[PDB]
$ cat coords.pdb   # PDB, C-alpha atoms
ATOM      1  CA  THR A   6       0.000   0.000   0.000
ATOM      2  CA  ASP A   7       2.019   2.967   1.290
ATOM      3  CA  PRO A   8       5.737   2.968   2.179
ATOM      4  CA  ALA A   9       5.570   5.718   4.799
ATOM      5  CA  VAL A  10       5.542   3.551   7.901
ATOM      6  CA  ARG A  11       3.372   6.091   9.680
ATOM      7  CA  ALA A  12       0.764   5.831   6.926
ATOM      8  CA  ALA A  13       1.143   2.084   6.374
ATOM      9  CA  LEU A  14       0.648   1.769  10.115
ATOM     10  CA  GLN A  15      -2.191   4.169  10.894
ATOM     11  CA  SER A  16      -4.463   2.196   8.582
ATOM     12  CA  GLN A  17      -4.228  -0.614  11.127
ATOM     13  CA  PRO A  18      -4.888   1.042  14.543
ATOM     14  CA  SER A  19      -7.680   3.526  13.775
ATOM     15  CA  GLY A  20     -11.415   3.839  13.429
ATOM     16  CA  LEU A  21     -13.063   5.880  10.698
ATOM     17  CA  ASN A  22     -14.001   9.498  11.466
ATOM     18  CA  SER A  23     -14.089   8.960  15.218
ATOM     19  CA  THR A  24     -13.275  11.613  17.819
ATOM     20  CA  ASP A  25      -9.551  11.206  17.143
ATOM     21  CA  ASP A  26      -9.992  14.194  14.823
ATOM     22  CA  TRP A  27     -12.223  16.199  17.133
ATOM     23  CA  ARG A  28     -12.501  19.263  14.905
ATOM     24  CA  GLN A  29     -14.211  17.468  12.022
ATOM     25  CA  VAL A  30     -16.747  15.800  14.302
ATOM     26  CA  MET A  31     -17.528  19.053  16.095
ATOM     27  CA  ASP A  32     -17.939  20.786  12.741
ATOM     28  CA  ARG A  33     -20.284  18.107  11.443
ATOM     29  CA  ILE A  34     -22.438  17.849  14.553
ATOM     30  CA  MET A  35     -23.487  21.467  14.746
ATOM     31  CA  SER A  36     -24.082  22.550  11.157
ATOM     32  CA  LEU A  37     -20.720  23.669   9.915
ATOM     33  CA  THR A  38     -20.061  21.064   7.219
ATOM     34  CA  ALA A  39     -21.224  22.244   3.802
ATOM     35  CA  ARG A  40     -21.011  18.949   1.890
ATOM     36  CA  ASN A  41     -24.192  17.602   3.458
ATOM     37  CA  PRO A  42     -25.613  19.770   6.254
ATOM     38  CA  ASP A  43     -28.484  18.621   8.496
ATOM     39  CA  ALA A  44     -27.165  15.057   8.350
ATOM     40  CA  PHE A  45     -26.556  14.873  12.095
ATOM     41  CA  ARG A  46     -29.741  16.736  13.001
ATOM     42  CA  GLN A  47     -31.791  13.729  11.854
ATOM     43  CA  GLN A  48     -30.154  10.652  13.352
ATOM     44  CA  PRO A  49     -31.643   8.589  16.078
ATOM     45  CA  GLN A  50     -31.473   9.851  19.552
ATOM     46  CA  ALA A  51     -29.052   7.531  20.923
ATOM     47  CA  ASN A  52     -26.564   8.062  18.402
ATOM     48  CA  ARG A  53     -26.848  11.678  18.587
ATOM     49  CA  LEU A  54     -26.489  11.841  22.243
ATOM     50  CA  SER A  55     -23.573   9.579  22.248
ATOM     51  CA  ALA A  56     -21.601  11.529  19.914
ATOM     52  CA  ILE A  57     -22.347  14.681  21.766
ATOM     53  CA  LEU A  58     -21.338  13.064  25.052
ATOM     54  CA  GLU A  59     -18.104  11.964  23.403
ATOM     55  CA  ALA A  60     -17.541  15.431  21.972
ATOM     56  CA  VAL A  61     -17.883  17.593  25.083
ATOM     57  CA  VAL A  62     -15.748  15.296  27.237
ATOM     58  CA  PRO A  63     -13.218  13.394  25.101
ATOM     59  CA  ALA A  64     -12.101   9.948  26.188
ATOM     60  CA  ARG A  65      -8.394   9.369  26.684
ATOM     61  CA  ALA A  66      -6.604   6.735  24.624
ATOM     62  CA  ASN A  67      -3.473   4.636  25.028
ATOM     63  CA  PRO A  68      -1.173   5.107  22.000
ATOM     64  CA  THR A  69       1.492   2.553  22.981
ATOM     65  CA  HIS A  70       0.275  -0.070  20.522
ATOM     66  CA  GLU A  71       0.183   2.427  17.666
ATOM     67  CA  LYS A  72       3.789   3.541  18.122
ATOM     68  CA  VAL A  73       5.124   0.028  18.660
ATOM     69  CA  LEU A  74       3.313  -1.197  15.559
ATOM     70  CA  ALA A  75       4.670   1.744  13.581
ATOM     71  CA  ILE A  76       8.264   0.908  14.437
ATOM     72  CA  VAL A  77       7.664  -2.804  13.818
ATOM     73  CA  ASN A  78       6.205  -2.068  10.388
ATOM     74  CA  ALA A  79       9.174   0.182   9.659
ATOM     75  CA  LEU A  80      11.514  -2.690  10.471
ATOM     76  CA  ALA A  81       9.507  -5.021   8.246
ATOM     77  CA  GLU A  82       9.520  -2.704   5.231
ATOM     78  CA  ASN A  83      13.256  -2.154   5.710
ATOM     79  CA  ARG A  84      14.250  -5.847   5.674
ATOM     80  CA  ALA A  85      15.199  -5.865   9.333
ATOM     81  CA  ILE A  86      13.103  -9.006   9.865
ATOM     82  CA  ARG A  87      10.859 -11.417   7.990
ATOM     83  CA  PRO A  88       7.086 -10.860   8.198
ATOM     84  CA  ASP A  89       6.620 -13.877  10.472
ATOM     85  CA  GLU A  90       9.406 -12.424  12.572
ATOM     86  CA  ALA A  91       7.390  -9.196  12.401
ATOM     87  CA  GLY A  92       4.379 -10.836  14.008
ATOM     88  CA  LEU A  93       6.630 -12.247  16.716
ATOM     89  CA  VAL A  94       8.713  -9.126  17.315
ATOM     90  CA  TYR A  95       5.622  -6.954  17.724
ATOM     91  CA  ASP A  96       4.657  -8.900  20.836
ATOM     92  CA  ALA A  97       8.294  -9.031  21.924
ATOM     93  CA  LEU A  98       8.653  -5.246  21.829
ATOM     94  CA  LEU A  99       5.240  -4.810  23.432
ATOM     95  CA  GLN A 100       6.281  -6.901  26.427
ATOM     96  CA  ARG A 101       9.611  -5.081  26.600
ATOM     97  CA  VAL A 102       7.899  -1.693  26.783
ATOM     98  CA  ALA A 103       5.179  -2.880  29.155
ATOM     99  CA  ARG A 104       7.686  -4.149  31.707
ATOM    100  CA  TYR A 105       9.817  -0.966  31.700
ATOM    101  CA  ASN A 106       7.300   1.744  30.856
ATOM    102  CA  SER A 107       7.726   5.390  31.822
ATOM    103  CA  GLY A 108       7.023   8.810  30.386
ATOM    104  CA  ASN A 109      10.623   8.929  29.218
ATOM    105  CA  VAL A 110      10.047   5.654  27.377
ATOM    106  CA  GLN A 111       7.044   7.100  25.551
ATOM    107  CA  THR A 112       9.057  10.174  24.590
ATOM    108  CA  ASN A 113      11.876   8.021  23.232
ATOM    109  CA  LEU A 114       9.283   5.948  21.382
ATOM    110  CA  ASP A 115       7.897   9.001  19.596
ATOM    111  CA  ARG A 116      11.452  10.019  18.749
ATOM    112  CA  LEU A 117      12.004   6.515  17.406
ATOM    113  CA  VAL A 118       8.918   6.436  15.193
ATOM    114  CA  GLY A 119      10.045   9.718  13.666
ATOM    115  CA  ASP A 120      13.535   8.333  13.154
ATOM    116  CA  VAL A 121      12.348   5.111  11.518
ATOM    117  CA  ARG A 122       9.966   6.979   9.223
ATOM    118  CA  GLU A 123      12.867   9.120   8.045
ATOM    119  CA  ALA A 124      15.082   6.040   7.777
ATOM    120  CA  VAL A 125      12.676   4.185   5.497
ATOM    121  CA  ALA A 126      12.269   7.210   3.248
ATOM    122  CA  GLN A 127      16.036   7.712   3.062
ATOM    123  CA  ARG A 128      16.676   4.052   2.302
ATOM    124  CA  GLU A 129      14.188   4.067  -0.565
ATOM    125  CA  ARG A 130      15.512   7.251  -2.142
ATOM    126  CA  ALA A 131      19.114   6.077  -1.744
ATOM    127  CA  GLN A 132      18.290   2.744  -3.358
ATOM    128  CA  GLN A 133      16.819   4.691  -6.263
ATOM    129  CA  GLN A 134      19.701   7.197  -6.272
ATOM    130  CA  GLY A 135      22.738   5.141  -7.286
ATOM    131  CA  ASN A 136      23.877   2.730  -4.548
ATOM    132  CA  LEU A 137      27.027   4.337  -3.139
ATOM    133  CA  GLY A 138      28.253   0.886  -2.102
ATOM    134  CA  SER A 139      28.940  -0.029  -5.715
ATOM    135  CA  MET A 140      30.836   3.238  -6.136
ATOM    136  CA  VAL A 141      32.978   2.455  -3.086
ATOM    137  CA  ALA A 142      33.755  -1.026  -4.378
ATOM    138  CA  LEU A 143      34.671   0.333  -7.804
ATOM    139  CA  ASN A 144      36.993   2.932  -6.300
ATOM    140  CA  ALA A 145      38.690   0.230  -4.239
ATOM    141  CA  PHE A 146      39.179  -1.876  -7.364
ATOM    142  CA  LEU A 147      40.544   1.073  -9.333
ATOM    143  CA  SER A 148      42.995   1.731  -6.516
ATOM    144  CA  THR A 149      44.064  -1.891  -6.913
ATOM    145  CA  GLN A 150      44.592  -1.343 -10.635
ATOM    146  CA  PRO A 151      47.632   0.679 -11.735
ATOM    147  CA  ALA A 152      47.017   4.173 -13.053
ATOM    148  CA  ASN A 153      49.917   4.236 -15.552
ATOM    149  CA  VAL A 154      49.874   2.667 -19.026
ATOM    150  CA  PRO A 155      53.186   2.808 -20.946
ATOM    151  CA  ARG A 156      51.478   2.761 -24.362
ATOM    152  CA  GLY A 157      48.853   5.481 -24.397
ATOM    153  CA  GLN A 158      47.378   7.160 -21.331
ATOM    154  CA  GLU A 159      44.624   9.569 -22.401
ATOM    155  CA  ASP A 160      42.452   6.751 -23.731
ATOM    156  CA  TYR A 161      43.009   4.709 -20.572
ATOM    157  CA  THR A 162      41.991   7.421 -18.115
ATOM    158  CA  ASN A 163      39.144   8.505 -20.386
ATOM    159  CA  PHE A 164      37.850   4.930 -20.331
ATOM    160  CA  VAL A 165      38.253   4.771 -16.552
ATOM    161  CA  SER A 166      36.171   7.917 -16.142
ATOM    162  CA  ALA A 167      33.628   6.472 -18.568
ATOM    163  CA  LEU A 168      33.313   3.325 -16.454
ATOM    164  CA  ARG A 169      32.947   5.430 -13.311
ATOM    165  CA  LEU A 170      30.166   7.412 -14.977
ATOM    166  CA  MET A 171      28.442   4.227 -16.144
ATOM    167  CA  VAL A 172      28.345   2.662 -12.693
ATOM    168  CA  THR A 173      27.175   5.946 -11.183
ATOM    169  CA  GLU A 174      24.469   6.807 -13.713
ATOM    170  CA  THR A 175      22.557   3.498 -13.701
ATOM    171  CA  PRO A 176      21.243   2.416 -10.288
ATOM    172  CA  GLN A 177      20.438  -1.236  -9.567
ATOM    173  CA  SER A 178      23.865  -2.092 -11.034
ATOM    174  CA  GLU A 179      26.125  -4.091  -8.731
ATOM    175  CA  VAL A 180      29.887  -3.822  -8.242
ATOM    176  CA  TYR A 181      31.499  -6.100  -5.691
ATOM    177  CA  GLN A 182      34.234  -8.633  -4.978
ATOM    178  CA  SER A 183      33.532 -12.347  -4.549
ATOM    179  CA  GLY A 184      36.896 -14.028  -4.980
ATOM    180  CA  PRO A 185      40.235 -12.397  -5.661
ATOM    181  CA  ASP A 186      38.522 -10.408  -8.423
ATOM    182  CA  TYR A 187      36.031  -7.594  -8.904
ATOM    183  CA  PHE A 188      32.877  -7.971 -10.985
ATOM    184  CA  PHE A 189      30.079  -5.866 -12.444
ATOM    185  CA  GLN A 190      26.494  -7.123 -12.735
ATOM    186  CA  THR A 191      24.163  -4.907 -14.723
ATOM    187  CA  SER A 192      21.259  -5.787 -12.416
ATOM    188  CA  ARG A 193      20.346  -7.845  -9.388
ATOM    189  CA  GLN A 194      19.109 -11.229 -10.590
ATOM    190  CA  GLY A 195      20.495 -10.232 -13.963
ATOM    191  CA  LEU A 196      22.753 -11.755 -16.590
ATOM    192  CA  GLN A 197      25.767 -10.021 -18.162
ATOM    193  CA  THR A 198      28.336 -10.357 -15.391
ATOM    194  CA  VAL A 199      31.745  -8.990 -16.381
ATOM    195  CA  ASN A 200      34.957 -10.190 -14.735
ATOM    196  CA  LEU A 201      36.302  -6.690 -14.205
ATOM    197  CA  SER A 202      39.784  -7.713 -13.056
ATOM    198  CA  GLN A 203      40.277 -10.119 -15.957
ATOM    199  CA  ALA A 204      38.873  -7.577 -18.406
ATOM    200  CA  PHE A 205      41.294  -4.899 -17.249
ATOM    201  CA  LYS A 206      44.213  -7.337 -17.274
ATOM    202  CA  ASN A 207      43.444  -8.305 -20.861
ATOM    203  CA  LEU A 208      42.823  -4.711 -21.946
ATOM    204  CA  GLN A 209      46.031  -3.358 -20.397
ATOM    205  CA  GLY A 210      47.991  -4.434 -23.461
ATOM    206  CA  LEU A 211      45.664  -2.928 -26.080
ATOM    207  CA  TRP A 212      45.408   0.741 -25.103
ATOM    208  CA  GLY A 213      47.937   2.793 -27.041
ATOM    209  CA  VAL A 214      49.139   0.431 -29.780
ATOM    210  CA  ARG A 215      45.966  -0.961 -31.344
ATOM    211  CA  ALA A 216      45.257   2.234 -33.284
ATOM    212  CA  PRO A 217      47.631   1.451 -36.201
ATOM    213  CA  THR A 218      46.700  -2.249 -36.154
ATOM    214  CA  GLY A 219      42.921  -1.802 -36.256
ATOM    215  CA  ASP A 220      42.818  -2.314 -40.023
ATOM    216  CA  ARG A 221      44.184  -5.888 -39.909
ATOM    217  CA  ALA A 222      42.498  -8.655 -37.903
ATOM    218  CA  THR A 223      45.882 -10.038 -36.853
ATOM    219  CA  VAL A 224      45.568  -9.161 -33.153
ATOM    220  CA  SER A 225      41.774  -9.157 -33.020
ATOM    221  CA  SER A 226      41.843 -12.532 -31.254
ATOM    222  CA  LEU A 227      43.637 -10.951 -28.287
ATOM    223  CA  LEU A 228      40.293  -9.533 -27.153
ATOM    224  CA  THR A 229      38.747 -12.062 -24.830
ATOM    225  CA  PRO A 230      34.938 -12.192 -25.097
ATOM    226  CA  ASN A 231      34.490 -11.067 -21.494
ATOM    227  CA  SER A 232      36.267  -7.818 -22.320
ATOM    228  CA  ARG A 233      34.121  -7.617 -25.443
ATOM    229  CA  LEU A 234      31.024  -7.650 -23.247
ATOM    230  CA  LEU A 235      32.653  -5.073 -20.985
ATOM    231  CA  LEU A 236      33.136  -2.772 -23.968
ATOM    232  CA  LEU A 237      29.603  -3.456 -25.196
ATOM    233  CA  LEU A 238      28.138  -2.360 -21.864
ATOM    234  CA  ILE A 239      29.870   1.025 -22.191
ATOM    235  CA  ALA A 240      28.711   1.800 -25.738
ATOM    236  CA  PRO A 241      26.059   4.362 -24.649
ATOM    237  CA  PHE A 242      28.722   6.020 -22.514
ATOM    238  CA  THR A 243      32.100   7.231 -23.820
ATOM    239  CA  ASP A 244      30.603   9.176 -26.712
ATOM    240  CA  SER A 245      32.503  10.061 -29.881
ATOM    241  CA  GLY A 246      35.892  11.666 -29.337
ATOM    242  CA  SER A 247      36.284  10.474 -25.746
ATOM    243  CA  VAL A 248      38.313   7.498 -26.971
ATOM    244  CA  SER A 249      40.668   8.393 -29.808
ATOM    245  CA  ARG A 250      39.228   7.075 -33.049
ATOM    246  CA  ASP A 251      40.994   4.903 -35.635
ATOM    247  CA  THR A 252      41.823   2.581 -32.724
ATOM    248  CA  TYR A 253      40.590  -1.001 -32.506
ATOM    249  CA  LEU A 254      39.060  -0.227 -29.123
ATOM    250  CA  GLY A 255      37.773   3.069 -30.481
ATOM    251  CA  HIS A 256      36.442   1.396 -33.615
ATOM    252  CA  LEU A 257      34.530  -1.182 -31.570
ATOM    253  CA  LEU A 258      33.152   1.491 -29.258
ATOM    254  CA  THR A 259      31.991   3.614 -32.185
ATOM    255  CA  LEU A 260      30.317   0.671 -33.919
ATOM    256  CA  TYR A 261      28.526  -0.405 -30.746
ATOM    257  CA  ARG A 262      27.471   3.168 -29.980
ATOM    258  CA  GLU A 263      26.026   3.620 -33.465
ATOM    259  CA  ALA A 264      24.150   0.321 -33.227
ATOM    260  CA  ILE A 265      22.566   0.922 -29.880
ATOM    261  CA  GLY A 266      21.640   4.356 -31.024
ATOM    262  CA  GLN A 267      19.576   3.426 -34.020
ATOM    263  CA  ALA A 268      17.788   1.016 -31.913
ATOM    264  CA  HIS A 269      16.471   3.018 -29.015
ATOM    265  CA  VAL A 270      15.548   5.748 -31.339
ATOM    266  CA  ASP A 271      13.547   3.542 -33.590
ATOM    267  CA  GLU A 272      11.994   1.958 -30.603
ATOM    268  CA  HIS A 273      10.602   5.079 -28.937
ATOM    269  CA  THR A 274       9.148   5.712 -32.381
ATOM    270  CA  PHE A 275       7.311   2.382 -32.302
ATOM    271  CA  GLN A 276       4.144   2.417 -34.398
TER     272      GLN A 276
ATOM    273  CA  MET B 902     -47.176  -7.009  36.241
ATOM    274  CA  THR B 903     -50.306  -9.091  36.768
ATOM    275  CA  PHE B 904     -50.873 -12.375  34.952
ATOM    276  CA  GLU B 905     -54.099 -14.376  35.033
ATOM    277  CA  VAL B 906     -54.002 -18.044  34.051
ATOM    278  CA  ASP B 907     -56.214 -21.107  34.088
ATOM    279  CA  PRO B 908     -56.134 -23.397  37.134
ATOM    280  CA  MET B 909     -53.965 -26.504  37.239
ATOM    281  CA  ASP B 910     -53.623 -29.149  39.922
ATOM    282  CA  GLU B 911     -49.815 -29.092  40.109
ATOM    283  CA  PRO B 912     -47.332 -26.328  40.947
ATOM    284  CA  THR B 913     -46.221 -24.256  37.975
ATOM    285  CA  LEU B 914     -43.815 -21.415  37.401
ATOM    286  CA  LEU B 915     -44.257 -18.454  35.093
ATOM    287  CA  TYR B 916     -41.225 -17.595  33.214
ATOM    288  CA  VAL B 917     -40.804 -14.110  32.078
ATOM    289  CA  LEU B 918     -37.865 -13.525  30.009
ATOM    290  CA  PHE B 919     -37.255  -9.929  30.289
ATOM    291  CA  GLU B 920     -35.463  -9.140  27.190
ATOM    292  CA  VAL B 921     -32.380  -7.166  27.586
ATOM    293  CA  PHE B 922     -29.033  -6.201  26.097
ATOM    294  CA  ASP B 923     -26.067  -8.456  26.877
ATOM    295  CA  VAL B 924     -22.749  -8.005  25.070
ATOM    296  CA  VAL B 925     -19.110  -8.880  25.673
ATOM    297  CA  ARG B 926     -16.072  -7.044  24.329
ATOM    298  CA  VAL B 927     -12.934  -9.173  24.060
ATOM    299  CA  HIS B 928      -9.621  -7.393  24.613
ATOM    300  CA  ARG B 929      -6.400  -9.274  23.819
ATOM    301  CA  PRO B 930      -3.439  -6.896  24.054
ATOM    302  CA  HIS B 931      -0.453  -9.239  24.344
ATOM    303  CA  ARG B 932       0.247 -12.869  23.544
ATOM    304  CA  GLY B 933      -1.719 -15.163  25.822
ATOM    305  CA  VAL B 934      -3.754 -12.459  27.573
ATOM    306  CA  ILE B 935      -7.544 -12.192  27.391
ATOM    307  CA  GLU B 936      -9.578  -9.387  28.933
ATOM    308  CA  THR B 937     -13.362  -9.321  28.711
ATOM    309  CA  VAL B 938     -15.671  -6.391  29.405
ATOM    310  CA  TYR B 939     -19.171  -7.672  30.133
ATOM    311  CA  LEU B 940     -22.412  -5.711  30.170
ATOM    312  CA  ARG B 941     -26.117  -6.391  30.702
ATOM    313  CA  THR B 942     -28.042  -3.155  30.979
ATOM    314  CA  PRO B 943     -31.675  -3.660  32.115
ATOM    315  CA  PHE B 944     -30.396  -5.987  34.853
ATOM    316  CA  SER B 945     -27.056  -4.377  35.558
ATOM    317  CA  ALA B 946     -24.102  -6.756  35.755
ATOM    318  CA  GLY B 947     -20.542  -6.655  34.498
ATOM    319  CA  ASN B 948     -17.503  -4.429  34.528
ATOM    320  CA  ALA B 949     -18.076  -1.243  32.542
ATOM    321  CA  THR B 950     -20.391   1.582  33.592
TER     322      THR B 950
END
$ encode --input "coords.pdb" --output "C-alpha cells"
Amino acid sequence: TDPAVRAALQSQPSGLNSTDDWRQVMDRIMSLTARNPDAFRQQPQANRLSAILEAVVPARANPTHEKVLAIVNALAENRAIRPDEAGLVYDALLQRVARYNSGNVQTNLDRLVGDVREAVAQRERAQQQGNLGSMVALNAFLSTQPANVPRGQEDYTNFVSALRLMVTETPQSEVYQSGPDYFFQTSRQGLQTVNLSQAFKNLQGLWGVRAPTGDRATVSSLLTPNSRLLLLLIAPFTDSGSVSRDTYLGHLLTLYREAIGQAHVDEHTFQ
Amino acid sequence: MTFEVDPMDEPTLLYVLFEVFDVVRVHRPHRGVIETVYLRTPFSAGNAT
C-alpha cells in the first residue's frame, strides 16, 4: 500500500471518522459542514447523544500499541526481519515496553517512530539514487589497478572515467568482490556479469598500440569475449571523441554506440 | 405485572424472560492475555459503567 511507515501503520490502529480528529466531528455535529448539512440533526437519539457526550468530554486513549506497531512495520519494510518475525517481534517489543514503561520511554518511542519513518524514506531514495556501495567497491578496485599505461594514457583514463560514470548513472547495477577479483552485474538477478579484473588485465595491453593495427584482424583474437562484453556495456557512454578514433578499441566502441543508437531511437518511435 | 391463568392441579412457574441487552467485548493486548468487558443493561451486571 504505502511505504511511509506512519501511513502504512495508521491504517491498522484507527477507526473511521471517530473523535480522534475532534474538529471534524464538532464541525459536522453542529451545522458547519457544507457537503451535506443537516445530516446529524436527523439521526436517532441515541446516536446523537452519544456523539455529543463523546464530543464535550473526550475519552483518553493509550497510543502505545500504535507507536510500537509503527516501528515494527518500519523494520519489516526495511528488511530488518521477515514478516513472520514481524508478528513475533511486535509482541516481543510490546512486552519489553510494558515491563519498563515510563514517560521517558514514551518520549523516546515518539522520537524513534520519527527516526524510523525518516530512515525508510532515506533508504528508498538512496536505493533509487545510485547505490554508493557499488561506487565504493569500484573505487577500491581502481585503486588496486595501476594508473599508468606505458602505451597510451589519455584513452586509458578517459575509459576509466567512462566506467565510473556508467556505474554511477545506472542504479540497480552491482559492483562487488567475490573471490580475488572484482565484478560488475548490470542488475540484481540479472545476466551479463563482467569479470572486471580479468577484463582490465586483458585490456592493459591494447590501449595505445591498437590504433595502427585496427585495419588488420591479426591481433583481433587478443580480445577475450568477457572484455568484449565489458566494452559493449559502455557503448552508450564514452561518446565520440572520448576514446581516440581509428583505434581497434575506439572502432569497436563507435560501432557499438552507433548500433545501440539506431535502436532506441527507432523503438521510442514504435508504431 | 399481573398475569391471570387457568387453574392446574400441580405447581407451575411463570417464566418471564425480560429481554435485555447483553454483550461482551474481548480485549487481547499481548500474547496469551484475554480481557473481557461484560455488560447487561436492564439488569445491571458486568464491569463497565
$ resolve_selection --input "coords.pdb" --expression "the PyMOL selection byres ((chain B and resi 938) around 6)" --output "mmCIF file with C-alpha atoms, in the frame of the given file"
data_model
loop_
_atom_site.group_PDB
_atom_site.id
_atom_site.type_symbol
_atom_site.label_atom_id
_atom_site.label_comp_id
_atom_site.auth_asym_id
_atom_site.auth_seq_id
_atom_site.Cartn_x
_atom_site.Cartn_y
_atom_site.Cartn_z
ATOM 1 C CA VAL B 925 -19.110 -8.880 25.673
ATOM 2 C CA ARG B 926 -16.072 -7.044 24.329
ATOM 3 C CA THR B 937 -13.362 -9.321 28.711
ATOM 4 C CA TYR B 939 -19.171 -7.672 30.133
ATOM 5 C CA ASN B 948 -17.503 -4.429 34.528
#
$ closest_atom_pairs --input "coords.pdb" --of "chain B" --to "chain A" --cutoff "10 Å" --atoms "only C-alpha atoms" --output "CSV"
residue,atom,partner,partner_atom,distance
B:930,CA,A:70,CA,8.5
B:931,CA,A:96,CA,6.2
B:932,CA,A:96,CA,6.5
$ atom_distance --input "coords.pdb" --atom1 "atom CA of residue 152 of chain A" --atom2 "atom CA of residue 193 of chain A"
29.5 Å
$ residues_around --input "coords.pdb" --residues "residue 923 of chain B" --least-positions-apart "6" --cutoff "9 Å" --atoms "only C-alpha atoms" --output "compact mmCIF listing (two decimals) with C-alpha atoms, keeping the file's coordinate frame"
# COMPACT_ATOMS: atom_id res chain seq x y z
CA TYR B 939 -19.17 -7.67 30.13
CA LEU B 940 -22.41 -5.71 30.17
CA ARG B 941 -26.12 -6.39 30.70
CA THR B 942 -28.04 -3.16 30.98
$ residues_around --input "coords.pdb" --residues "residue 920 of chain B" --least-positions-apart "3" --cutoff "10 Å" --atoms "only C-alpha atoms" --output "short mmCIF file (atom, residue, chain, number, x, y, z; two decimals) with C-alpha atoms, in the frame of the given file"
data_model
loop_
_atom_site.label_atom_id
_atom_site.label_comp_id
_atom_site.auth_asym_id
_atom_site.auth_seq_id
_atom_site.Cartn_x
_atom_site.Cartn_y
_atom_site.Cartn_z
CA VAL B 917 -40.80 -14.11 32.08
CA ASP B 923 -26.07 -8.46 26.88
CA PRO B 943 -31.68 -3.66 32.12
CA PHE B 944 -30.40 -5.99 34.85
#
$ closest_residue --input "coords.pdb" --among "A:106, A:182, A:209, A:243" --to "residue 153 of chain A" --atoms "all atoms listed in the file"
A:209
$ atom_distance --input "coords.pdb" --atom1 "atom CA of residue 89 of chain A" --atom2 "atom CA of residue 927 of chain B"
24.3 Å
$ atom_distance --input "coords.pdb" --atom1 "atom CA of residue 118 of chain A" --atom2 "atom CA of residue 76 of chain A"
5.6 Å
$ closest_residue --input "coords.pdb" --among "A:205, A:242, A:27, A:212" --to "residue 175 of chain A" --atoms "only C-alpha atoms"
A:242
$ residues_near_point --input "coords.pdb" --point "(29.7, -9.2, -20.0)" --cutoff "9 Å" --atoms "only C-alpha atoms" --output "NGL selection string"
:A and (189-191 or 196-200 or 230-238)
$ axis_aligned_box --input "coords.pdb" --around "segment 222-232 of chain A" --padding-each-side "4 Å" --output "JSON"
{"center_x": 40.2, "center_y": -10.2, "center_z": -29.7, "size_x": 19.4, "size_y": 12.7, "size_z": 24.4}
$ residues_near_point --input "coords.pdb" --point "(3.0, 2.2, 19.3)" --cutoff "10 Å" --atoms "only C-alpha atoms" --output "number ranges by chain"
A: 14, 18, 67-77, 95, 98-99, 102, 111, 114-115, 118
$ closest_residue --input "coords.pdb" --among "A:44, A:126, A:257, A:264" --to "residue 216 of chain A" --atoms "only C-alpha atoms"
A:257
